[PDB]
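> Residue numbering for the sequence shown follows the entry's author numbering, starting at 1 and increasing by one per position.
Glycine residues also receive a C-beta, built at the ideal position from the N, C-alpha and C atoms.
What follows is a single structure, and I will ask about it in a moment.
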Amino acid sequence: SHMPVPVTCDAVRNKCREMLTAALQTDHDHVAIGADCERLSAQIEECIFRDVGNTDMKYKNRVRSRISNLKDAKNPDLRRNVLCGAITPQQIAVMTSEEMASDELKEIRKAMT
Numbered sequence: 001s002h003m004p005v006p007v008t009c010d011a012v013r014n015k016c017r018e019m020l021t022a023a024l025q026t027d028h029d030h031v032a033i034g035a036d037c038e039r040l041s042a043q044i045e046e047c048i049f050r051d052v053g054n055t056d057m058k059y060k061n062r063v064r065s066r067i068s069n070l071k072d073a074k075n076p077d078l079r080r081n082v083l084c085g086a087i088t089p090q091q092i093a094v095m096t097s098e099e100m101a102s103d104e105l106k107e108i109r110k111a112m113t
């Protein structure tokens, strides 16, 4: 079974979720693709929350680094794959920041894998 978009919890988790939304809303890219960003953020959020959701240290830093990759000019196609459903919230969350940054690997899913 997969989990639906979760409750706000507290001003930590809801803030992290809305800042991932704001990384998608800072540009009208999601409007051109026709994907609603506010649900997409929460789907990725619950997938990454399983490891990172402990609000002690990594949950604070990982969200900031994630926002950067969602609005980045050196890899602008990364958001394109997520918004169009080419890479699912589950797969992009368990993918490392190194592989997300690589322009080759965000288009290599099952190619020679």
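Assuming contact is defined by CB atoms lying nearer than 8 Å, are residue 44 and residue 86 in contact in what I supplied?
Mapped onto the sequence shown, residue 44 falls at position 44. Mapped onto the sequence shown, residue 86 falls at position 86. No, the pair does not count as a contact, with Cβ atoms beyond the cut-off.
> Report back the beta-carbon spacing between residue 35 and residue 70 to the nearest angstrom; my notes put them in contact at under 8 Å.
Here the question's residue 35 lines up with position 35 in the sequence shown. Here the question's residue 70 lines up with position 70 in the sequence shown. Not quite, the Cβ-Cβ distance comes to about 13 Å (not below 8 Å), so this is no contact.
> Between which two residues does the alpha helix (DSSP H) containing residue 60 stretch?
As a working note, residue 60 is residue 60 in the sequence shown. Taken as a continuous stretch (DSSP letters only), the alpha helix (DSSP H) holding residue 60 covers 58 to 70.
> Pick out whichever of 107, 12, 30 has its Cα sitting closest to the Cα of residue 84.
Reading the sequence shown from its first residue, position 84 is the one you call residue 84. That would be 30, whose Cα lies nearest to the Cα of residue 84.
> Between residue 41 and residue 13, how many whole angstroms is the CB-CB distance? I'm expecting something under 8 Å.
If you number the sequence shown from 1, residue 41 lands on position 41. If you number the sequence shown from 1, residue 13 lands on position 13. Not confirmed; about 12 Å, so no contact.
> Within 10 Å of its beta-carbon, does residue 15 have 16 or more other beta-carbons around it, so buried, or fewer, so exposed?
What you label residue 15 is simply residue 15 of the sequence shown in a count that begins at 1. Classification for residue 15: exposed.
> Within the continuous alpha helix (DSSP H) that includes residue 16, where are the two ends?
The residue given as residue 16 occupies position 16 in the sequence shown. From DSSP, the alpha helix (DSSP H) with residue 16 extends over 13 to 25.
> With three or more beta-carbon pairs closer than 8 Å as the criterion, would you say the segment 47 to 54 touches the segment 95 to 110?
no
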